[PDB]
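S.K.: Quick one: structure below, then a few questions.
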Amino acid sequence: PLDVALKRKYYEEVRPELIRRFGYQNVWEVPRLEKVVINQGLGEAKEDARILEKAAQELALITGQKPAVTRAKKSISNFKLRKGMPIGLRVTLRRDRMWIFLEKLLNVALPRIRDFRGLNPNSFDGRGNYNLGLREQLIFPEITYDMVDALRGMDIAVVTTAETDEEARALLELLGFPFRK
Amino acid sequence: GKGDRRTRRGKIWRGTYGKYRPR
Amino acid sequence: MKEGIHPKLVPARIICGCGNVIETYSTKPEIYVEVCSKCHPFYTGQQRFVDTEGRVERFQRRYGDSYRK
Amino acid sequence: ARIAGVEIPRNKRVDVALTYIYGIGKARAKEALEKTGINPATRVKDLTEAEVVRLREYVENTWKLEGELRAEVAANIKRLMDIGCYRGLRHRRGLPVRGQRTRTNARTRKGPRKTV
Amino acid sequence: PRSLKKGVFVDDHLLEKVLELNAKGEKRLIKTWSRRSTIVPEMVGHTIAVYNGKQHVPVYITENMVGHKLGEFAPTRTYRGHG
RNA sequence: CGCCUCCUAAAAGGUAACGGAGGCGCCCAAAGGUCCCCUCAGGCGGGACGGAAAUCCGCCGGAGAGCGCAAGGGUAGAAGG
RNA sequence: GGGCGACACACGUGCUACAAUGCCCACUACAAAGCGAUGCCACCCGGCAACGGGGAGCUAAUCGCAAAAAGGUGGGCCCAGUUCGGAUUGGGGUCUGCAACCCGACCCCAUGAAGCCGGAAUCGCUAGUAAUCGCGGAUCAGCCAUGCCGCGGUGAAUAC
RNA sequence: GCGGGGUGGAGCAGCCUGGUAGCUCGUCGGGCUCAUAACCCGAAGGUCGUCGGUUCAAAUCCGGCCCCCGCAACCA
Ligand SMILES: [Mg+2]
Ligand SMILES: [Mg+2]
Ligand SMILES: [Mg+2]
Ligand SMILES: [Mg+2]
Ligand SMILES: [Mg+2]
Ligand SMILES: [Mg+2]
Ligand SMILES: [Mg+2]
Ligand SMILES: [Mg+2]
Ligand SMILES: [Mg+2]
Ligand SMILES: [Mg+2]
Ligand SMILES: [Mg+2]
Ligand SMILES: [Mg+2]
Ligand SMILES: [Mg+2]
Ligand SMILES: [Mg+2]
Ligand SMILES: [Mg+2]
Ligand SMILES: [Mg+2]
Ligand SMILES: [Mg+2]
Ligand SMILES: [Mg+2]
Ligand SMILES: [Mg+2]
Ligand SMILES: [Mg+2]
Ligand SMILES: [Mg+2]
Ligand SMILES: [Mg+2]
Ligand SMILES: [Mg+2]
Ligand SMILES: [Mg+2]
Ligand SMILES: [Mg+2]
Ligand SMILES: [Mg+2]
Ligand SMILES: [Mg+2]
Ligand SMILES: [Mg+2]
Ligand SMILES: [Mg+2]
Ligand SMILES: [Mg+2]
Ligand SMILES: [Mg+2]
Ligand SMILES: [Mg+2]
Ligand SMILES: [Mg+2]
Ligand SMILES: [Mg+2]
Ligand SMILES: [Mg+2]
Ligand SMILES: [Mg+2]
Ligand SMILES: [Mg+2]
Ligand SMILES: [Mg+2]
Ligand SMILES: [Mg+2]
Ligand SMILES: [Mg+2]
Ligand SMILES: [Mg+2]
Ligand SMILES: [Mg+2]
Ligand SMILES: [Mg+2]
Ligand SMILES: [Mg+2]
Ligand SMILES: [Mg+2]
Ligand SMILES: [Mg+2]
Ligand SMILES: [Mg+2]
Ligand SMILES: [Mg+2]
Ligand SMILES: [Zn+2]
């Protein structure tokens with residue numbers, strides 16, 4: 001399988017330093033990444049122009065993986081929502097494609113972000129997972145100003161094998177996540 | 001323009017000078 | 001993976017404006033960025049860009065000590 | 001976005017485009033194009049990726065712009081409002097600040113007329 | 001503003017009261033008619049009663065509010081709105 | 001005024017009153033046959049626009065969800081998707 | 001010392017505009033009436049600039065205010081809420097004055113709002129007029145003058 | 001006891017057929033007038049009597065209570 005920088009860096013620098021700080025007695029005890037799930041709760045495409053192949057074409061370029069649909073679980077009056085209506089996209093990244101995405105995310109995306117002052121320290125699950133939001137998909141390198149019709153950001157969920165926020169915090173900072181406080 | 005101080009026509013209006021109307 | 005629904009991954013060349021080049025994989029073989037991890041203000045320690053201000057106000061006026069005592 | 005954090009209008013002369021940035025006016029435009037030796041007349045679409053990064057690097061490094069500019073000015077009023085200055089109460093009651101009559105006009109600070 | 005080449009204005013008589021108290025250690029009350037004055041670094045922590053035309057308004061000065069005039073802290077008008 | 005559900009009904013079945021409460025006079029070409037796979041409501045925590053509530057991640061949750069429509073019975077070891 | 005400068009609102013008189021018969025920069029023309037000895041201040045220098053330090057002339061057809069401006073030549077903008085428009089505010093300075101918080105003008109950096117030609121209604125002007133352009137004076141330390149009293153430049157349409 | 005009804009300030013629509021509150025007058029701000037009326041131009045205000053339920057959503061469909069109009073209350 002693929003040799004990439006972050007995947008390599010995890011085993012080489014992140015792994016040992018982690019075993020240092022928390023002193024695990026088993027290799028599998030030490031924090032790992034399981035999956036990063038990307039989401040676009042969209043729903044602007046509820047009725048209107050429920051043609052969002054433009055964003056599925058977007059997310060497919062960002063992650064090299066075809067997103068799946070999300071549809072309404074229940075109908076909602078105030079939101080103008082028929083049950084089963086197509087209102088969002090979700091792609092689940094594991095293994096190599098997970099690293100490659102995070103790799104470009106940490107090295108490129110967060111920098112290009114408007115007035116970036118560091119990731120939110122407090123967006124930590126409690127069970128050692130992490131979630132963050134994006135206002136724009138232009139934040140990535142593979143999406144030029146030209147090929148976009150409208151601003152559409154996303155939800156980003158990263159799951160760890162950790163049990164506490166503290167091991168999770170360390171695993172992620174050691175990988176290269178920039179926290180403000 | 002005549003209300004816009006940062007122009008030639010503008011400072012003639014006020015009857016003052018500066019970088020945007022030199023003497 | 002399924003075939004015919006997936007954009008294809010290839011070795012990629014992300015270039016920054018500091019002249020950082022990043023070795024990775026992508027759907028596009030060559031990309032240029034405006035900024036990166038290697039040069040960003042918040043990123044590089046605490047390179048406080050245009051303002052190492054310390055305010056400066058408000059004790060800072062000090063013009064001067066010439067009022068009398 | 002190109003410079004700085006915003007993507008200045010391509011198809012305009014490089015000097016005008018720059019003013020489409022919060023924090024850079026006509027003066028600061030010719031001023032950035034002096035200290036970089038870039039032709040004030042050329043269309044933005046016709047910058048070298050070299051000319052780009054040079055023009056880029058000066059502007060971003062000399063002046064506070066877009067986000068942080070707004071941020072300080074914000075904090076500047078924030079404090080003025082919070083010390084209880086006269087200029088503070090005027091911001092906190094939303095009225096004008098610079099010795100204008102309020103009995104008429106004053107609309108730009110006040111907003112559309114709340115008739116009675 | 002007050003022309004930078006000249007001075008930073010404080011009414012002579014009030015400056016002295018601050019400085020007298022500085023020696024002794026501050027602070028009593030300071031009934032004043034000195035709106036034309038500048039708040040000045042020696043004044044921090046004192047409690048000054050400024051005349052707004054009507055009352056003597058108690059203003060605790062801080063390290064943040066220095067370069068201003070005194071009267072900016074004694075409002076001349078009472079306004080609660082209309083209707 | 002016919003039909004269905006519950007109670008009255010006295011632990012088989014049945015049981016009256018101008019006793020107490022509600023529903024039906026339809027519907028579905030899939031909401032049917034079968035093979036294969038899947039598990040809910042809700043609570044806490046986390047997440048751009050995003051709200052009490054859209055979609056996303058985690059942990060707890062035997063059924064309090066769902067089963068077109070009244071009610072009862074049944075039911076996730078499916079009759080639910 | 002404060003108020004006459006307030007501000008949920010309504011009206012009168014105005015200023016500047018919404019732009020290409022226009023906006024902007026450079027160079028370049030042609031007025032008049034006035035005004036001026038702790039007054040106007042040529043010119044030189046420091047300053048992006050307001051201004052500041054020098055310093056000559058003039059009781060003024062002599063010297064100064066002084067450039068008139070629309071205009072002319074050239075160049076840029078290219079129909080866009082814009083190189084239109086310049087309100088609102090942030091930051092920094094000059095000056096007058098004992099003193100510019102309430103509550104002055106001006107200069108500079110940044111901010112760049114409303115406004116795409118105006119509902120019912122309604123005003124002025126018959127020719128060197130209307131429209132448009134600049135200049136001065138009184139009051140006056142400075143100035144909230146876009147007001148007022150004058151002065152010239154360009155210069156119509158129409159009255160059956 | 002049977003049928004109908006409650007919606008800006010007044011008086012009526014919309015309810016049957018669930019998603020969208022309308023008409024005349026009146027009120028308020030402007031205009032014409034010396035002034036008022038009329039007339040002309042703009043503009044506010046009903047969360048639909050309540051509490052409950054059905055629904056994805058109720059002025060609208062279903063129940064409760066409240067108040068109003070009409071009719072009935074006969075052989076005795
Ligand atoms: Mg946390
Ligand atoms: Mg991008
Ligand atoms: Mg975990
Ligand atoms: Mg302009
Ligand atoms: Mg004009
Ligand atoms: Mg700008
Ligand atoms: Mg005022
Ligand atoms: Mg029958
Ligand atoms: Mg029985
Ligand atoms: Mg029984
Ligand atoms: Mg029985
Ligand atoms: Mg039997
Ligand atoms: Mg089927
Ligand atoms: Mg079935
Ligand atoms: Mg089937
Ligand atoms: Mg749940
Ligand atoms: Mg939640
Ligand atoms: Mg939110
Ligand atoms: Mg939510
Ligand atoms: Mg059930
Ligand atoms: Mg008066
Ligand atoms: Mg008006
Ligand atoms: Mg006026
Ligand atoms: Mg007017
Ligand atoms: Mg605009
Ligand atoms: Mg003042
Ligand atoms: Mg402009
Ligand atoms: Mg507009
Ligand atoms: Mg236009
Ligand atoms: Mg016009
Ligand atoms: Mg007109
Ligand atoms: Mg008419
Ligand atoms: Mg006549
Ligand atoms: Mg005079
Ligand atoms: Mg004067
Ligand atoms: Mg004023
Ligand atoms: Mg004048
Ligand atoms: Mg009514
Ligand atoms: Mg009907
Ligand atoms: Mg209907
Ligand atoms: Mg009226
Ligand atoms: Mg009338
Ligand atoms: Mg429901
Ligand atoms: Mg409704
Ligand atoms: Mg209801
Ligand atoms: Mg309801
Ligand atoms: Mg009812
Ligand atoms: Mg009767
Ligand atoms: Zn870089």
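Here's how to read the names in the structure tokens: chain A, B, ... by the order shown, residue numbers from 1 in each chain, ligand numbers from 1 in the order shown.
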How would you write, as an MDAnalysis selection string, the set of residues no farther than 7 Å from ligand 7 when counting only C-alpha atoms (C1' of nucleotides) and all ligand atoms?
M.R.: (chainID D and resid 99:102) or (chainID G and resid 5)
S.K.: What's the 10 Å shell around segment 68-72 of chain E, counting only C-alpha atoms (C1' of nucleotides), without same-chain residues fewer than 2 positions away, as a PDB file with N, CA and C atoms (P, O5', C5', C4', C3', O3' and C1' of nucleotides), in the first residue's frame?
M.R.:
ATOM      1  N   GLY D  84     -17.045  54.031  28.954  1.00  0.00           N
ATOM      2  CA  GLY D  84     -18.098  54.981  29.253  1.00  0.00           C
ATOM      3  C   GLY D  84     -17.796  56.372  28.728  1.00  0.00           C
ATOM      4  N   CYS D  85     -16.955  56.445  27.698  1.00  0.00           N
ATOM      5  CA  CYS D  85     -16.658  57.719  27.048  1.00  0.00           C
ATOM      6  C   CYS D  85     -17.934  58.263  26.433  1.00  0.00           C
ATOM      7  N   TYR D  86     -17.946  59.554  26.119  1.00  0.00           N
ATOM      8  CA  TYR D  86     -19.115  60.147  25.484  1.00  0.00           C
ATOM      9  C   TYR D  86     -19.333  59.491  24.135  1.00  0.00           C
ATOM     10  N   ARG D  87     -18.233  59.311  23.418  1.00  0.00           N
ATOM     11  CA  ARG D  87     -18.220  58.613  22.144  1.00  0.00           C
ATOM     12  C   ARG D  87     -18.651  57.148  22.310  1.00  0.00           C
ATOM     13  N   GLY D  88     -18.587  56.661  23.544  1.00  0.00           N
ATOM     14  CA  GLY D  88     -19.015  55.312  23.848  1.00  0.00           C
ATOM     15  C   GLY D  88     -20.524  55.242  23.884  1.00  0.00           C
ATOM     16  N   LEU D  89     -21.131  56.153  24.643  1.00  0.00           N
ATOM     17  CA  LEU D  89     -22.580  56.178  24.810  1.00  0.00           C
ATOM     18  C   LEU D  89     -23.251  56.379  23.467  1.00  0.00           C
TER      19      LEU D  89
ATOM     20  N   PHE E   9      -2.917  69.721  28.060  1.00  0.00           N
ATOM     21  CA  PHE E   9      -3.616  70.645  28.956  1.00  0.00           C
ATOM     22  C   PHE E   9      -4.256  70.011  30.193  1.00  0.00           C
ATOM     23  N   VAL E  10      -3.912  70.571  31.349  1.00  0.00           N
ATOM     24  CA  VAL E  10      -4.629  70.350  32.599  1.00  0.00           C
ATOM     25  C   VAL E  10      -4.742  71.695  33.298  1.00  0.00           C
ATOM     26  N   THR E  32     -14.832  69.367  40.997  1.00  0.00           N
ATOM     27  CA  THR E  32     -14.147  70.159  39.974  1.00  0.00           C
ATOM     28  C   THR E  32     -15.070  70.740  38.897  1.00  0.00           C
ATOM     29  N   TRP E  33     -14.609  71.821  38.278  1.00  0.00           N
ATOM     30  CA  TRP E  33     -15.239  72.369  37.087  1.00  0.00           C
ATOM     31  C   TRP E  33     -14.217  72.355  35.958  1.00  0.00           C
ATOM     32  N   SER E  34     -13.551  71.216  35.798  1.00  0.00           N
ATOM     33  CA  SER E  34     -12.454  71.109  34.850  1.00  0.00           C
ATOM     34  C   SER E  34     -12.749  70.053  33.798  1.00  0.00           C
ATOM     35  N   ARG E  35     -13.649  70.409  32.889  1.00  0.00           N
ATOM     36  CA  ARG E  35     -14.000  69.556  31.767  1.00  0.00           C
ATOM     37  C   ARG E  35     -12.969  69.723  30.660  1.00  0.00           C
ATOM     38  N   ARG E  36     -12.374  70.914  30.616  1.00  0.00           N
ATOM     39  CA  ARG E  36     -11.422  71.296  29.578  1.00  0.00           C
ATOM     40  C   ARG E  36     -10.085  70.601  29.777  1.00  0.00           C
ATOM     41  N   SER E  37      -9.962  69.933  30.920  1.00  0.00           N
ATOM     42  CA  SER E  37      -8.753  69.210  31.292  1.00  0.00           C
ATOM     43  C   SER E  37      -8.574  67.926  30.498  1.00  0.00           C
ATOM     44  N   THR E  38      -7.368  67.373  30.580  1.00  0.00           N
ATOM     45  CA  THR E  38      -7.078  66.025  30.107  1.00  0.00           C
ATOM     46  C   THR E  38      -6.985  65.083  31.307  1.00  0.00           C
ATOM     47  N   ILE E  39      -7.547  63.881  31.210  1.00  0.00           N
ATOM     48  CA  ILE E  39      -7.203  62.863  32.197  1.00  0.00           C
ATOM     49  C   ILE E  39      -5.722  62.601  31.999  1.00  0.00           C
ATOM     50  N   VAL E  40      -4.995  62.485  33.102  1.00  0.00           N
ATOM     51  CA  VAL E  40      -3.545  62.466  33.038  1.00  0.00           C
ATOM     52  C   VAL E  40      -3.037  61.372  33.979  1.00  0.00           C
ATOM     53  N   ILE E  48     -12.975  61.405  40.928  1.00  0.00           N
ATOM     54  CA  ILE E  48     -13.179  62.821  40.670  1.00  0.00           C
ATOM     55  C   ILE E  48     -14.631  63.172  40.354  1.00  0.00           C
ATOM     56  N   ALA E  49     -15.136  64.204  41.018  1.00  0.00           N
ATOM     57  CA  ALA E  49     -16.498  64.652  40.789  1.00  0.00           C
ATOM     58  C   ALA E  49     -16.536  65.766  39.750  1.00  0.00           C
ATOM     59  N   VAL E  50     -17.002  65.431  38.551  1.00  0.00           N
ATOM     60  CA  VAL E  50     -16.988  66.372  37.443  1.00  0.00           C
ATOM     61  C   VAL E  50     -18.337  67.066  37.341  1.00  0.00           C
ATOM     62  N   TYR E  51     -18.306  68.377  37.146  1.00  0.00           N
ATOM     63  CA  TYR E  51     -19.530  69.144  36.986  1.00  0.00           C
ATOM     64  C   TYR E  51     -20.016  69.063  35.539  1.00  0.00           C
ATOM     65  N   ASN E  52     -21.219  68.532  35.349  1.00  0.00           N
ATOM     66  CA  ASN E  52     -21.808  68.452  34.018  1.00  0.00           C
ATOM     67  C   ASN E  52     -22.754  69.619  33.747  1.00  0.00           C
ATOM     68  N   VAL E  57     -20.173  64.632  39.174  1.00  0.00           N
ATOM     69  CA  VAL E  57     -20.217  63.221  38.791  1.00  0.00           C
ATOM     70  C   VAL E  57     -18.960  62.420  39.152  1.00  0.00           C
ATOM     71  N   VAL E  59     -16.260  59.901  39.015  1.00  0.00           N
ATOM     72  CA  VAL E  59     -15.621  59.060  37.994  1.00  0.00           C
ATOM     73  C   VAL E  59     -14.315  58.398  38.442  1.00  0.00           C
ATOM     74  N   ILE E  61     -11.089  56.829  37.613  1.00  0.00           N
ATOM     75  CA  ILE E  61     -10.191  56.747  36.455  1.00  0.00           C
ATOM     76  C   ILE E  61      -9.393  55.437  36.414  1.00  0.00           C
ATOM     77  N   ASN E  64      -6.776  52.508  31.410  1.00  0.00           N
ATOM     78  CA  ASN E  64      -7.239  52.421  30.034  1.00  0.00           C
ATOM     79  C   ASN E  64      -7.773  53.745  29.484  1.00  0.00           C
ATOM     80  N   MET E  65      -8.307  54.592  30.364  1.00  0.00           N
ATOM     81  CA  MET E  65      -9.050  55.778  29.929  1.00  0.00           C
ATOM     82  C   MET E  65      -8.246  57.077  30.041  1.00  0.00           C
ATOM     83  N   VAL E  66      -6.953  57.040  29.733  1.00  0.00           N
ATOM     84  CA  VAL E  66      -6.086  58.177  30.061  1.00  0.00           C
ATOM     85  C   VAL E  66      -6.085  59.382  29.109  1.00  0.00           C
ATOM     86  N   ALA E  74     -18.568  63.006  32.130  1.00  0.00           N
ATOM     87  CA  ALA E  74     -19.675  63.679  32.787  1.00  0.00           C
ATOM     88  C   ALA E  74     -20.661  64.166  31.732  1.00  0.00           C
ATOM     89  N   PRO E  75     -21.704  63.367  31.468  1.00  0.00           N
ATOM     90  CA  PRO E  75     -22.711  63.640  30.436  1.00  0.00           C
ATOM     91  C   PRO E  75     -23.511  64.907  30.715  1.00  0.00           C
ATOM     92  N   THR E  76     -23.659  65.748  29.697  1.00  0.00           N
ATOM     93  CA  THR E  76     -24.322  67.040  29.865  1.00  0.00           C
ATOM     94  C   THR E  76     -25.842  66.967  29.725  1.00  0.00           C
TER      95      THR E  76
ATOM     96  P     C G 101     -11.776  68.469  22.612  1.00  0.00           P
ATOM     97  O5'   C G 101     -13.157  67.725  22.879  1.00  0.00           O
ATOM     98  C5'   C G 101     -13.159  66.329  23.141  1.00  0.00           C
ATOM     99  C4'   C G 101     -14.320  65.881  24.000  1.00  0.00           C
ATOM    100  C3'   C G 101     -15.700  66.438  23.676  1.00  0.00           C
ATOM    101  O3'   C G 101     -16.316  65.787  22.577  1.00  0.00           O
ATOM    102  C1'   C G 101     -15.346  66.464  26.024  1.00  0.00           C
ATOM    103  P     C G 102     -16.927  66.633  21.349  1.00  0.00           P
ATOM    104  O5'   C G 102     -18.371  67.058  21.864  1.00  0.00           O
ATOM    105  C5'   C G 102     -19.283  66.075  22.332  1.00  0.00           C
ATOM    106  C4'   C G 102     -20.216  66.618  23.386  1.00  0.00           C
ATOM    107  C3'   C G 102     -21.082  67.799  22.977  1.00  0.00           C
ATOM    108  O3'   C G 102     -22.209  67.415  22.210  1.00  0.00           O
ATOM    109  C1'   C G 102     -20.131  68.218  25.103  1.00  0.00           C
TER     110        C G 102
END
S.K.: Could you list the protein, DNA and RNA residues that have any atom within 9 Å of ligand 40, counting only C-alpha atoms (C1' of nucleotides) and all ligand atoms, and write them as a PyMOL selection string?
M.R.: chain H and resi 14-15+17-20+60
S.K.: Mind writing the picked residues with N, CA and C atoms (P, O5', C5', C4', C3', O3' and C1' of nucleotides) as a PDB file, in the first residue's frame?
M.R.:
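Final output, out-v9.pdb:
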ATOM      1  P     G H  14     -66.460  32.541   3.112  1.00  0.00           P
ATOM      2  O5'   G H  14     -64.947  32.093   2.931  1.00  0.00           O
ATOM      3  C5'   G H  14     -64.283  32.231   1.685  1.00  0.00           C
ATOM      4  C4'   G H  14     -62.799  32.296   1.901  1.00  0.00           C
ATOM      5  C3'   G H  14     -62.189  31.080   2.574  1.00  0.00           C
ATOM      6  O3'   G H  14     -61.908  30.041   1.655  1.00  0.00           O
ATOM      7  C1'   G H  14     -61.411  33.051   3.631  1.00  0.00           C
ATOM      8  P     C H  15     -62.436  28.543   1.913  1.00  0.00           P
ATOM      9  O5'   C H  15     -62.248  28.304   3.477  1.00  0.00           O
ATOM     10  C5'   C H  15     -61.260  27.397   3.945  1.00  0.00           C
ATOM     11  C4'   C H  15     -61.715  26.601   5.146  1.00  0.00           C
ATOM     12  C3'   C H  15     -62.908  25.659   4.948  1.00  0.00           C
ATOM     13  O3'   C H  15     -62.609  24.401   5.550  1.00  0.00           O
ATOM     14  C1'   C H  15     -63.272  27.055   6.832  1.00  0.00           C
ATOM     15  P     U H  17     -64.800  18.533   2.071  1.00  0.00           P
ATOM     16  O5'   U H  17     -63.458  19.203   1.538  1.00  0.00           O
ATOM     17  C5'   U H  17     -62.454  18.409   0.909  1.00  0.00           C
ATOM     18  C4'   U H  17     -61.305  19.242   0.396  1.00  0.00           C
ATOM     19  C3'   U H  17     -60.769  20.280   1.378  1.00  0.00           C
ATOM     20  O3'   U H  17     -59.355  20.414   1.229  1.00  0.00           O
ATOM     21  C1'   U H  17     -61.579  21.367  -0.576  1.00  0.00           C
ATOM     22  P     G H  18     -58.371  19.869   2.382  1.00  0.00           P
ATOM     23  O5'   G H  18     -57.608  21.172   2.899  1.00  0.00           O
ATOM     24  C5'   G H  18     -58.184  22.043   3.873  1.00  0.00           C
ATOM     25  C4'   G H  18     -57.130  22.843   4.610  1.00  0.00           C
ATOM     26  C3'   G H  18     -55.902  23.226   3.793  1.00  0.00           C
ATOM     27  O3'   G H  18     -55.387  24.451   4.306  1.00  0.00           O
ATOM     28  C1'   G H  18     -55.240  21.846   5.591  1.00  0.00           C
ATOM     29  P     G H  19     -54.885  25.592   3.300  1.00  0.00           P
ATOM     30  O5'   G H  19     -53.303  25.581   3.475  1.00  0.00           O
ATOM     31  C5'   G H  19     -52.715  25.552   4.773  1.00  0.00           C
ATOM     32  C4'   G H  19     -51.291  26.045   4.754  1.00  0.00           C
ATOM     33  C3'   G H  19     -50.946  26.969   3.596  1.00  0.00           C
ATOM     34  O3'   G H  19     -49.997  27.938   4.038  1.00  0.00           O
ATOM     35  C1'   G H  19     -49.634  24.979   3.462  1.00  0.00           C
ATOM     36  P     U H  20     -50.352  28.943   5.254  1.00  0.00           P
ATOM     37  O5'   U H  20     -50.239  30.380   4.586  1.00  0.00           O
ATOM     38  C5'   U H  20     -49.254  30.634   3.601  1.00  0.00           C
ATOM     39  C4'   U H  20     -49.855  31.226   2.350  1.00  0.00           C
ATOM     40  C3'   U H  20     -50.842  32.371   2.529  1.00  0.00           C
ATOM     41  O3'   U H  20     -50.183  33.603   2.753  1.00  0.00           O
ATOM     42  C1'   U H  20     -51.498  30.902   0.744  1.00  0.00           C
ATOM     43  P     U H  60     -58.771  25.831  12.758  1.00  0.00           P
ATOM     44  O5'   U H  60     -59.390  26.109  11.325  1.00  0.00           O
ATOM     45  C5'   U H  60     -60.792  26.127  11.127  1.00  0.00           C
ATOM     46  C4'   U H  60     -61.123  25.714   9.723  1.00  0.00           C
ATOM     47  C3'   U H  60     -60.997  24.217   9.448  1.00  0.00           C
ATOM     48  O3'   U H  60     -61.994  23.821   8.511  1.00  0.00           O
ATOM     49  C1'   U H  60     -59.527  25.411   8.034  1.00  0.00           C
TER      50        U H  60
END
S.K.: Find the residues of chain D in contact range of chain C, meaning any atom within 12 Å when counting only C-alpha atoms, and list them as a PyMOL selection string.
M.R.: chain D and resi 1-7+49-65+68-69+72+75-76+79
S.K.: Create the file for the chosen residues now, containing N, CA and C atoms and written as a short mmCIF file (atom, residue, chain, number, x, y, z; two decimals), in the first residue's frame.
M.R.:
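Output saved as selection-v3.cif:
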data_model
loop_
_atom_site.label_atom_id
_atom_site.label_comp_id
_atom_site.auth_asym_id
_atom_site.auth_seq_id
_atom_site.Cartn_x
_atom_site.Cartn_y
_atom_site.Cartn_z
N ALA D 1 -8.35 32.27 -2.53
CA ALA D 1 -8.30 33.67 -2.92
C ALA D 1 -6.85 34.15 -3.06
N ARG D 2 -6.59 35.11 -3.94
CA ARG D 2 -5.20 35.48 -4.21
C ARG D 2 -4.57 36.42 -3.18
N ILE D 3 -4.85 37.72 -3.26
CA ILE D 3 -4.28 38.70 -2.32
C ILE D 3 -5.30 39.74 -1.88
N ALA D 4 -5.40 39.99 -0.58
CA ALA D 4 -4.78 39.15 0.44
C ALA D 4 -5.91 38.47 1.19
N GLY D 5 -6.13 37.19 0.92
CA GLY D 5 -7.23 36.50 1.56
C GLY D 5 -8.48 36.73 0.74
N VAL D 6 -8.40 37.70 -0.18
CA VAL D 6 -9.48 37.95 -1.12
C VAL D 6 -8.92 37.79 -2.52
N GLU D 7 -9.79 37.54 -3.49
CA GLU D 7 -9.37 37.37 -4.88
C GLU D 7 -9.71 38.62 -5.69
N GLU D 49 3.23 34.88 -12.02
CA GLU D 49 3.13 34.24 -10.71
C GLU D 49 4.27 34.74 -9.83
N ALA D 50 5.30 35.27 -10.49
CA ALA D 50 6.37 36.01 -9.83
C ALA D 50 5.86 37.37 -9.33
N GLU D 51 5.32 38.17 -10.25
CA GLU D 51 4.76 39.48 -9.89
C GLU D 51 3.69 39.36 -8.82
N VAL D 52 2.85 38.34 -8.95
CA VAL D 52 1.87 38.01 -7.93
C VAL D 52 2.49 37.92 -6.54
N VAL D 53 3.40 36.97 -6.34
CA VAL D 53 3.93 36.71 -5.00
C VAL D 53 4.74 37.87 -4.40
N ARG D 54 5.33 38.69 -5.26
CA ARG D 54 6.06 39.87 -4.80
C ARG D 54 5.06 40.90 -4.27
N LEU D 55 4.07 41.20 -5.11
CA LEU D 55 3.00 42.14 -4.78
C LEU D 55 2.23 41.61 -3.58
N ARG D 56 1.97 40.31 -3.62
CA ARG D 56 1.37 39.60 -2.50
C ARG D 56 2.13 39.88 -1.20
N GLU D 57 3.40 39.48 -1.17
CA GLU D 57 4.25 39.54 0.04
C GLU D 57 4.44 40.92 0.69
N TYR D 58 4.52 41.98 -0.11
CA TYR D 58 4.66 43.33 0.44
C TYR D 58 3.41 43.70 1.22
N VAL D 59 2.28 43.66 0.52
CA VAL D 59 1.01 44.16 1.02
C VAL D 59 0.58 43.48 2.31
N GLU D 60 0.65 42.16 2.31
CA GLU D 60 0.25 41.37 3.47
C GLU D 60 1.16 41.66 4.67
N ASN D 61 2.42 42.00 4.41
CA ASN D 61 3.39 42.18 5.49
C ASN D 61 3.48 43.58 6.08
N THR D 62 3.14 44.59 5.29
CA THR D 62 3.23 45.97 5.77
C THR D 62 2.00 46.45 6.55
N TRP D 63 0.81 46.11 6.06
CA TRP D 63 -0.42 46.68 6.61
C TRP D 63 -1.35 45.62 7.18
N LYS D 64 -2.06 46.00 8.25
CA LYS D 64 -3.17 45.20 8.76
C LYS D 64 -4.35 45.28 7.80
N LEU D 65 -4.90 44.13 7.44
CA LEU D 65 -5.93 44.08 6.41
C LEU D 65 -7.12 43.20 6.78
N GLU D 68 -8.11 41.27 10.48
CA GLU D 68 -7.54 41.82 11.71
C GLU D 68 -7.83 43.31 11.82
N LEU D 69 -7.86 43.98 10.67
CA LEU D 69 -8.17 45.39 10.61
C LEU D 69 -9.53 45.60 11.28
N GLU D 72 -9.41 45.08 15.19
CA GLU D 72 -8.88 46.12 16.06
C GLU D 72 -9.85 47.29 16.17
N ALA D 75 -12.31 46.32 18.40
CA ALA D 75 -11.85 46.43 19.77
C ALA D 75 -11.71 47.89 20.19
N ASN D 76 -11.34 48.74 19.23
CA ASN D 76 -11.25 50.18 19.47
C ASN D 76 -12.58 50.80 19.91
N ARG D 79 -13.64 49.09 23.39
CA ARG D 79 -13.12 49.79 24.56
C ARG D 79 -13.81 51.14 24.77
#
S.K.: Would you mind listing the residues within 9 Å of ligand 10, counting only C-alpha atoms (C1' of nucleotides) and all ligand atoms, as a PyMOL selection string?
M.R.: chain F and resi 7+9+11
S.K.: Give me the residues near residue 98 of chain D as a list in words, where near means some atom within 10 Å (using only C-alpha atoms (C1' of nucleotides)) and where sequence neighbours in that chain fewer than 5 positions away do not count.
M.R.: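 Non-adjacent residues within range: residues 87 and 90 of chain D; 89 and 103 of chain G.
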S.K.: Produce as a list in words the set of residues near ligand 27, where near means within 7 Å with only C-alpha atoms (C1' of nucleotides) and all ligand atoms considered.
M.R.: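 Selection of residues at most 7 Å from ligand 27: residues 82, 83, 84 and 112 of chain G.
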